[PDB]
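Visitor: Protein chains in written order, with UniProt numbering: chain L, 3 to 374; chain C, 3 to 374; chain H, 3 to 374; chain F, 119 to 174; chain R, 119 to 174.
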Amino acid sequence: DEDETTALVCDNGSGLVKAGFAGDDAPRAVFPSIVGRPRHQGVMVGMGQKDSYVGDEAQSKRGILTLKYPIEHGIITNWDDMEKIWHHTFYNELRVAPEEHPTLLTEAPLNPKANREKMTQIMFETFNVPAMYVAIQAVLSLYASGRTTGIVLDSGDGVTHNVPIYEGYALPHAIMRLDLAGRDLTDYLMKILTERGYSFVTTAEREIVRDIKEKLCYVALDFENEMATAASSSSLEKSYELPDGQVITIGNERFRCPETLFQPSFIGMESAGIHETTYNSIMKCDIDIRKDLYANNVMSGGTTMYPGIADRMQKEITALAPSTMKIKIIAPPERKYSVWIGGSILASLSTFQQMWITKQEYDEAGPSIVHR
Amino acid sequence: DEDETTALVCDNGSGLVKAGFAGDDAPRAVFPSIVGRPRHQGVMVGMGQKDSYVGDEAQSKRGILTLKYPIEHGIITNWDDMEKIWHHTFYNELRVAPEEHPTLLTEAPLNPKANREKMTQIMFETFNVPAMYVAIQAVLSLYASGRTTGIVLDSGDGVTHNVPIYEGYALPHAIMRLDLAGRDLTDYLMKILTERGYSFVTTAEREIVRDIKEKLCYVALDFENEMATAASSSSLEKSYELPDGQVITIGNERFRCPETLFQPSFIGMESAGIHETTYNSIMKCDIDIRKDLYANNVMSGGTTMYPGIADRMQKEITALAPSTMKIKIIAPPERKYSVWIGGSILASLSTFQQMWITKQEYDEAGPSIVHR
Amino acid sequence: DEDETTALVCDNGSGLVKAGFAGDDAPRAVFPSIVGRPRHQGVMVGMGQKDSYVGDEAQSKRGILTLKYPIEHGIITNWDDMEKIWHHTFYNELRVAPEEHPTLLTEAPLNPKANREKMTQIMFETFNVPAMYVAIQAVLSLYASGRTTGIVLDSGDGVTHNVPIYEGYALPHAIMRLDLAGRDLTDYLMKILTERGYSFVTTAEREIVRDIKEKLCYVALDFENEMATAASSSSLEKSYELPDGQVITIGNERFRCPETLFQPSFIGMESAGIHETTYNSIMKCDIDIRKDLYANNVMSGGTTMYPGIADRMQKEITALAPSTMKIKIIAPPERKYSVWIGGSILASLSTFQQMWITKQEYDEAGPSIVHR
Amino acid sequence: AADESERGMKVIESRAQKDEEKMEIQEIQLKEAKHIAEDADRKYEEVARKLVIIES
Amino acid sequence: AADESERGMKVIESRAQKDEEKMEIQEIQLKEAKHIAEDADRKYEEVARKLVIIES
């Protein structure tokens, strides 16, 4: 129990932090990855002067603060502001004292060696956690779907990745990163919806375009004869009621937004798209392992939640793969937390105890110890 | 000559229409983009009952009419009232019959496909012009400064834009629109001038604040130590004599008004300003084309006429751009008509004849034909 | 003179074409081996609609065209697009009419019999050249270094080869091909340089990583205690100034890039490396000829130009070869054109006239004639 | 051969710096001279138009 | 070391020529711009003096 209860799992994202206790089924804490700094001197009624704001209080009060994102494209870019988000996570969100909890953290696919050593330096030397561990994100997603070999298409708020994993070892030279994700996708909907003849003028109009994207957006299979369908004008249309009455209608654009993930050309991106990239990762791997990867395309991440994403991907890679092959696109329902759940499982596991980096290992080996 | 003489160029703005014959050096007709509708029944001496008023007669008689602006932020918002401004342009202002003149029109940067088809529907089907053509405004401004690749900062009465153009094709995904222009700017001067201890009480006081803005306003470089200069009180001050004697003095505010274009925060705008936006457009474009855009910042529009606008912009983007770069801010003297002049050149050109959309093309292809 | 002046030498590569007149000291024409096909309909100012683009106009205009490489790994893969590059070479680059010039062409090491017959079919039947000849590339490189027996390590843009040659006959069963060359090498530098904490974001950032590789990259001897040296941080570092000011520094990676040629494991390649492969070629040859090959390791190709390549290879094979042996690594300065120069010499030669395949031979013997 | 070519390099690099500085100081003196030429040539067309209207 | 220092010499000598040409073309464009700025600054001191007398 000492640490059975006690292991923490913190998944640091570009848009959201997911956090909680190893053992739980889902994150106890989910909140924006921002750190707000007040543009002016003054106070809220009853509070003192605050130097900084994090998560939702930074979002809610955004009009008087300069908002900053510590993690650009999955990599920690500002370490002063990240230690601020961690502090908030332990002390306010989970309300635990960190110096008696083992902490499993996550990093990104080709996270620079030096960063994995730096967050270890900050975990052990400024938070004084007993022990910690850094798992790679795609690797926890895979594992949370039971398996050990597969290829994960991972897509969240600032990055998309393909991480081919074989008997647990993520394959460095076959990993692909595509910098277009849910953030890019909300801003494109924004324009095709103002372009539908609308105005997201106040900040209460801006924010909810993102809630339109999440609730009403679709990834149609045969996106071709779906536009064609749009035109005959079926009961395909969908009206959403705004903060007030102002019933906005979205028929068609509803799927023009996730067609951006297959066609980056919709947004002036010259890069290849999700399905081709799944494939290219795969023809960059060893030959003998390619049947395995093909029957185990695990999807994780908030942006892979658009319904019919899996069917489109299913047919997208069948038709690029040699017919002798078995294609299989696994997309679980909890996928917006796969990464986290894979960490919860792993860290609550009976056999993981012997991989925890302890302060004994650290004080004796330097940050190098956990770096592997 | 048939049409060498005969091509018309009509530039539709948010505040002004500029019109005339391809060939001329400047617009034959310039007038407000209003359509007045009388609030009461009655007549002027010697005239009949008039249902409507357009341009200057609507401005002059504004006290008995409800004034309406057909073009909101560069886009045509009311098509009944726009066909009224066109009618006025052909028949009264240029006094031509439209059915024997080719007409080059202009549209805005990301003008909805459907509008370009609608004004074509109205040009050919209600005015019966022989042929017409719709050019994008920034694109005519660039071309009138000789070149084909550059980025235009275009700023008039209701909109500001940045339109990066490469070998003639305006780059859709890199275009930025900032809804703060000369209209916003006259109303801010208004307040900093009443705030100087004044009153623009009657309508003959209101209108002339705009003539103060045009004649006496400046964009200082080092707007910082220009306020500082204001305080030591040099012979920086400037008194204007009103419709009557009432000599009003404007020392300082003179430049506090165009500092609004770099600092939108002066007016409760949270958007970025002109120079940052020039830049952001540029780091949204292909990499290999960014040296070109930087050495070709062409300025056009009534609001970019404030003296010292170019020097401030020069230094504003040098200091944001990588030092390996050449910055070059072209601001010609005729810039309040760049757009129009670019159309005059192009439409009087020897090679343009083969791009005119003719009634033959239209009656045979539908509005789609000119839409491109 | 008839043909003393008149012989053409065209060396077709995976990345570059080298072309010119037999007699000259270096290629009159060097340009990319691409054929661009426009993604959209439209024109450049003053030109007509172009169906296709080749060489540098395809590279310069790459944003609106789909680029294609006719020669994959030294072998011609698309014959429609190759006839396009040849056409460009004769008519635009060298501006000659082909029907009065003998043409010496080059092919790759184990070029399929059928290809040598096909380019002969296209040379004689669609270009109508008087006579032609196909030399093997390593064989021209050797010969340009004076000799007739030696082993060439040939390395360009898409392939590396080892071609043991004895009294002029390249030895089929001892030839080795390693598909990792300068193209692979620019993309690896790219990643170790973004991994140094950088961004080659626009296309003007992408292209110049290749100019960094060419100018600043090194092949260190004792690559072991060169990394060790990197750490003590000597004045080994080297900063390059980008298209703009943005001074990028490259200390160390500078040599980590050509260490890829000895260690393919740096790039997820399981194949053996350059030096081992030199050697294996050699223990696949007759016994009595192995002292000859060892004292005549001739290097040719753009990717063998990295300084200190020869010293590393010198010591790489001394220490694998029996000590009774003399090792000798010849690397001339003009080596990026060895192949071409060997062709220029040979084809301008007094004795070569009797090996030219003439239209008389062809019209009478079929493509078989030149195939040998 | 190397020592003579290093010395010449050093001298032409020093001349190149010395002239690059002169260009930048003229190029800047000129954005100034051209800008004062243009602020001058506007003030006039306002004063000469103001003259033709108060003469009329 | 000699070949790299010869190549660098060649490139900095080429840049030094390329910039020396740019200076000369600006330096000349300027005797022109300054002279038109002065031919301008005399005739509106004349036209504004002519204005103040016909306004008076």
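Idealized CB from N, CA, C, for every residue including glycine.
(1) Which residues of the segment 262-273 of chain H have a Cβ closer than 9 Å to any Cβ of chain L? Give them in chain order.
(2) Starting from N299 (chain L), trace the alpha helix (DSSP H) both ways and give me its first and last residue.
(3) In the DSSP assignment, the beta strand (DSSP E) including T279 (chain C) goes from what residue to what residue?
(4) For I311 (chain H), which residues from the same chain have a beta carbon less than 6 Å from its beta carbon, with the 5 sequence-adjacent residues on both sides left out?
(5) Identify, in the order they occur along the chain, each residue of the same chain with its Cβ nearer than 7 Å to the Cβ of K86 (chain H), setting aside the five sequence neighbours on each side.
(6) Please check if any C-beta of chain C sits within less than 9 Å of the C-beta of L112 (chain H).
(7) Chain C partners of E197 (chain L), CB-CB under 9 Å?
(8) In chain L, what lies closer than 9 Å to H277 (chain C) by C-beta?
(9) Expressed to the nearest angstrom, what Euclidean distance is found between the alpha-carbon atoms of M301 (chain H) and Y171 (chain L)?
(10) When the Cα atoms are used, what is the spatial distance from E261 (chain L) to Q61 (chain C)?
(11) Does DSSP classify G184 (chain C) as helix, strand or coil?
(12) Within 9 Å (strictly less), CB to CB, does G38 (chain L) reach chain C?
(13) Is the number of C-beta pairs between the segment 127-147 of chain R and the segment 122-131 of chain F that are closer than 8 Å three or more?
(14) Apply the 10 Å Cβ neighbour rule to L169 (chain F) and answer buried if 16 or more other Cβ atoms are within range, or exposed otherwise.
(15) Here's a check: name, in chain order, each residue in its chain whose Cβ is nearer than 7 Å to the Cβ of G158 (chain L), leaving out the five neighbours to either side.
(16) Should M327 (chain C) be flagged as near chain H, meaning a C-beta pair shorter than 9 Å?
(17) Identify whether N94 (chain C) lies in helix, strand or coil by the three-state DSSP scheme.
(18) Under the three-state reduction of DSSP, which class applies to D288 (chain L): helix, strand or coil?
(19) Please go through the segment 176-244 of chain L and give each complete beta strand (DSSP E) segment of 3 or more residues, from N-terminal end onward.
(20) Using a Cβ-Cβ cutoff of 8 Å, what residues of the segment 323-351 of chain H are near chain C? List them in chain order.
(21) Using a C-beta to C-beta distance shorter than 8 Å, which residues of chain F count as neighbours of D313 (chain C)?
(22) Beta carbon of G25 (chain C), beta carbon of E6 (chain C): below 9 Å?
(23) Please report the straight-line C-alpha distance between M327 (chain H) and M357 (chain H), rounded to a whole angstrom.
(24) For the segment 120-138 of chain F, which residues have a CB atom closer than 7 Å to at least one CB atom of chain R, in sequence order?
(25) Taking DSSP as the reference, what is the three-state secondary structure of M315 (chain H)?
(26) I'd like to know whether the C-beta atoms of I250 (chain C) and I289 (chain C) end up nearer to each other than 9 Å.
(27) Rounded to a whole number of angstroms, what is the C-alpha to C-alpha distance between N130 (chain C) and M307 (chain L)?
(28) Run down chain H in chain order and give the residues with a C-beta less than 9 Å from the C-beta of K217 (chain C).
(29) Assuming the contact rule is C-beta atoms closer than 8 Å, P369 (chain H) and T122 (chain H) should be a hit. Round their C-beta distance to whole Å, please.
(30) What does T150 (chain C) touch in chain H if you count any residue whose Cβ is under 7 Å from its own?
(31) The alpha helix (DSSP H) with residue 2 (chain L) in it runs from where to where?
(32) Measuring CA to CA, which of H:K330, H:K63, H:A31 and H:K120 is closest to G44 (chain H)?
(33) If we require 4 or more residues per run, which alpha helix (DSSP H) segments fall completely within the segment 116-155 of chain L?
(34) Say whether the segment 158-174 of chain F touches the segment 147-167 of chain R, bearing in mind that this needs 3 or more beta-carbon pairs closer than 8 Å, one atom from each stretch.
(35) Ordered along the chain, which non-local residues of its own chain (more than five positions away) have a Cβ less than 6 Å from that of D13 (chain L)?
(36) By the 10 Å Cβ neighbour count, where 16 or more other Cβ atoms means buried, how is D365 (chain L) classified, buried or exposed?
Guide: Put simply:
(1) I269, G270, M271 and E272
(2) Careful: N299 (chain L) lies outside any alpha helix (DSSP H), inside the beta strand (DSSP E) at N299 to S302.
(3) Here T279 (chain C) belongs to no beta strand (DSSP E); instead the alpha helix (DSSP H) covers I276 to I284.
(4) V221
(5) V37, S54 and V56
(6) no
(7) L112 and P114
(8) Result: empty, since nearest Cβ-Cβ is about 19 Å, beyond 9 Å.
(9) 39 Å
(10) 49 Å
(11) helix
(12) By this cut-off, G38 (chain L) is not an interface position.
(13) yes
(14) buried
(15) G15, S16, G17, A183, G184, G303, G304 and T305
(16) yes
(17) helix
(18) coil
(19) As far as the segment 176-244 of chain L is concerned, its whole beta strand (DSSP E) runs of at least 3 residues are 178-180 and 240-243.
(20) none
(21) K149 and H153
(22) Cβ atoms of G25 (chain C) and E6 (chain C): closer than 9 Å.
(23) 37 Å
(24) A120, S123, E124, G126, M127, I130, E131, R133, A134, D137 and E138
(25) helix
(26) no
(27) 52 Å
(28) Within chain H, no residue comes near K217 (chain C); the closest Cβ sits about 39 Å away, beyond 9 Å.
(29) 5 Å
(30) Chain H residues near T150 (chain C): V47.
(31) Absent from the model: residue 2 (chain L). The displayed extent of chain L is 3 to 374, so no value can be given.
(32) Nearest option by C-alpha distance: H:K63.
(33) 139-146
(34) yes
(35) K20, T108, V341 and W342
(36) exposed
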